[PDB]
Amino acid sequence: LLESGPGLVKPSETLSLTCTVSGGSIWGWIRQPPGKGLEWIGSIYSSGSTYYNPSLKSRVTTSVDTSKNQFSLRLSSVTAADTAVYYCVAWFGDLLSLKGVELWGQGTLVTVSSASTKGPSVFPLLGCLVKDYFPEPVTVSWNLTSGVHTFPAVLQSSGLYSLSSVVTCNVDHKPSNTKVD
Amino acid sequence: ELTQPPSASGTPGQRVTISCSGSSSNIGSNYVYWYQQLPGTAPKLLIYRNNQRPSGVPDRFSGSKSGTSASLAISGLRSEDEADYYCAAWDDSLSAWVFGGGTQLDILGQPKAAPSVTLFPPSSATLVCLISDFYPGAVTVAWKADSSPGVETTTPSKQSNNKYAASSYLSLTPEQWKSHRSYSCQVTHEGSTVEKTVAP
């Protein structure tokens with residue numbers, strides 16, 4: 001499924017995300033804080049029946065509109081505690097000849113922070129140095145796929161990330177809407 | 001609510017079993033579901049209804065449920081199976097979907113591998129030391145200015161080929177970089193140190 005919405009949300013504000021889906025009978029949201037396990041947020045059934053994680057239930061809004069191929073999540077009054085990769089999930093089950101179909105979004109990292117979004121500066125290494133950006137993530141393509149190694153970001157003392165990619169590099173930093181060749 | 005052992009391991013070609021422990025309100029009365037999650041990837045459904053495979057899941061994966069416990073079995077193990085595995089089930093008493101804490105599966109029998117080390121100078125100041133393809137996943141990193149020992153070094157992490165990577169960074173001012181004959185990234189792995197050097 002295709003997932004979208006800001007990767008940066010301020011403390012006390014509202015996280016909003018959408019997934020496009022065509023059909024299904026159960027729709028839900030699952031999250032995973034960095035280095036942690038999966039945590040169910042909520043589900044909506046085709047009947048409209050709706051269930052939320054009790055530790056979150058005051059802050060969660062989920063909605064489905066199947067005619068507009070969408071389902072959505074809002075999470076109000078966020079804190080650093082809500083920093084996580086968020087996944088939307090759609091159950092189809094036994095459809096045609098296919099069995100147990102459950103589609104997952106690719107996962108969207110949402111960082112709860114009052115710090116500003118900051119685009120990267122790109123420097124030549126061969127490779128490309130992607131430095132001093134915030135928040136994660138940065139993605140890198142070349143033009144070339146073989147022999148490409150993009151490393152995990154360092155978090156520097158500045159509170160900003162930097163990473164390196166080794167083999168024209170195409171750096172994408174969606175949170176700041178920055179694409180560097 | 002659902003307990004899994006934090007880690008499991010197996011040997012290529014062989015088998016592993018991963019357990020999931022719950023209660024009568026979840027596993028005892030409800031279907032169990034299993035997920036595979038490769039690092040930085042979406043979880044993938046392996047098993048539904050306790051013991052059924054979705055289309056496109058290898059029959060190397062199988063599930064069973066024994067009272068208030070469930071188990072995922074993986075046969076014909078491969079290095080690519082190295083991942084986190086999660087059980088899940090509905091809980092009648094919380095009216096909630098609950099997940100196990102997850103089990104990290106390590107695949108054994110990897111030979112030891114010296115790190116590939118690449119030191120970049122600052123382009124025409126930050127020094128970038130890239131350490132790749134090492135096993136096991138521990139590295140000691142040390143920097144030299146000329147001969148004498150702003151360092152930020154990433155925790156090691158698993159690559160896709162199940163070997164390990166790390167990067168070390170050295171921030172300098174342009175004047176600091178110019179006033180030395182060389183700078184060095186020294187990488188120690190299993191008591192074996194390789195030095196890389198760059199020169200202003």
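- Method of structure determination, per the deposited record: X-ray crystallography was used for this entry, reaching 2.10 Å resolution.

## Some words on the overall build of chain A
In step 1: Along chain A, the regular secondary structure elements total 0 helices and 19 strands.
In step 2: Projected onto its principal axes, the C-alpha coordinates of chain A cover approximately 55 × 45 × 30 Å.

## Examining the packing of aromatic side chains
In step 1: Tallied over the full model, the rule gives 15 aromatic pairs over all chains.
In step 2: When the ring of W29(A) is compared with that of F71(A), the centres are 5.6 Å apart and the planes differ by 50°; the resulting orientation is tilted. With a gap of 42 residues between them, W29(A) in strand 4 (residues 26-32) and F71(A) in strand 8 (residues 70-75) connect regions that are remote in the sequence. For the pair formed by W29(A) and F71(A), the shared burial category is buried.
In step 3: Seen from their ring centres, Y35(B) and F99(B) are 5.9 Å apart, and the 45° between their planes marks the pair as tilted. A residue pair is termed long-range when its members are at least 10 positions apart, and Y35(B) in strand 3 (residues 33-37) and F99(B) in strand 8 (residues 96-99) qualify at 64 residues. As far as burial versus exposure is concerned, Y35(B) and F99(B) are alike and both buried.

## Side note on the interface of chain A and chain B
In step 1: In this complex, chain A contributes 37 residues to the contact, which on the side of chain B involves 34 residues.
In step 2: When chain A packs against chain B, the two sides together hide about 2800 Å² of surface, and 65% of this comes from carbon and sulfur.
In step 3: A salt bridge links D94(A) to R49(B); the nearest nitrogen and oxygen atoms lie 3.1 Å apart.
In step 4: Where chain A packs against chain B, one counts 12 residue pairs in polar contact.

## With respect to the pattern of salt bridges
In step 1: Tallied over the full model, the rule gives 10 salt bridges over all chains.
In step 2: Among the ionic pairs, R31(A) bridges to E39(A), the shortest N-O distance being 2.7 Å.
In step 3: Residue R31(A) is classed as buried on the basis of its relative accessible area, which comes to 4%.
In step 4: Put simply, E80(B) and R78(B) hold a salt bridge, and the shortest N to O gap is 3.6 Å.
In step 5: Relative accessible area serves as the criterion here: at 56%, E80(B) is assigned to the exposed category.
In step 6: For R78(B), a relative accessible area of 45% corresponds to the partly exposed category.
In step 7: Within this structure, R31(A), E39(A), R59(A) and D82(A) form a network of salt bridges that share partners.

Each value, and the rule that gives it
Residues numbered from 1 in each chain as written, not as in the entry; some residues may be left out. Chains lettered and ligands numbered in written order. Heavy atoms only, no water. Residues with missing side-chain atoms left out of burial classes, pairs and counts. Helix = DSSP H or I, 4+ residues; strand = E, 2+ residues; numbered from the N terminus. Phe/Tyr/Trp six-rings, centres within 6.5 Å; stacked < 30°, edge-to-face > 60°. Buried < 20%, exposed > 50% of the residue type's maximum accessible area, 1.4 Å probe, protein only. Contact = heavy atoms within 4.5 Å. Buried area = accessible area lost by both parts, 1.4 Å probe. Salt bridge = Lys/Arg side-chain N within 4 Å of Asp/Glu carboxyl O. Polar contact = N/O pair within 3.5 Å; in protein donor to acceptor, adjacent residues only side chain to side chain.

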